[PDB]
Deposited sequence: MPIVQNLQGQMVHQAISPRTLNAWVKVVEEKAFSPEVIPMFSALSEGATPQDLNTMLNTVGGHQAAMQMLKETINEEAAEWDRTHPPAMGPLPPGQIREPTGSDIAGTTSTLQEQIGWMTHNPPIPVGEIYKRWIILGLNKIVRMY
């Protein structure tokens, strides 16, 4: 996470793994996910997701939810060409928010910019929407 950036804690990772193994994708996983990922970058969120062993169909459904929210972001935030006024930076695409096409450095650049574009919080919300569909 960013608290400065720090690598995701391995024991916080392992706590998350434990939560999924025991609760699968029952309703109790969503609060735990939420609690365990505070200040997370998209990279960190993906590490969390990519540590889920198996649960293939649950993960496919999640990936599909993320793609829908990413496409919706793009439809409402089209990638208009610059130039930008001073100090301003370029807005993320949906695939940038999901961590697919943005580097950790670019995510930190958004998250610590003034005003910030909280790509970590935006993506975490997409993930939570996906988890709510899975628990059903």
Could you list, start to end, the deposited-sequence stretches with no C-alpha atoms? 1, 5-11, 145-146
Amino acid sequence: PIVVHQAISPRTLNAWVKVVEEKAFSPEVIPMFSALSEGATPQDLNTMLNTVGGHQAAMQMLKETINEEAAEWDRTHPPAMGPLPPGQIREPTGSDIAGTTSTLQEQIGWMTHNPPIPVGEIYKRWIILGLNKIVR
From here on, numbers count along this sequence of modelled residues.
Do the C-alpha atoms of 25-33 or of 60-68 have the higher average B factor in the entry? 25-33
When the C-alpha temperature factors are averaged for each of 44-52 and 81-89, which stretch ends up with the higher value in the entry? 81-89
Record-listed C-alpha B factor of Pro118: chain third: middle
How does the C-alpha B factor of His5 compare with the rest of the chain: lowest, middle or highest third? highest
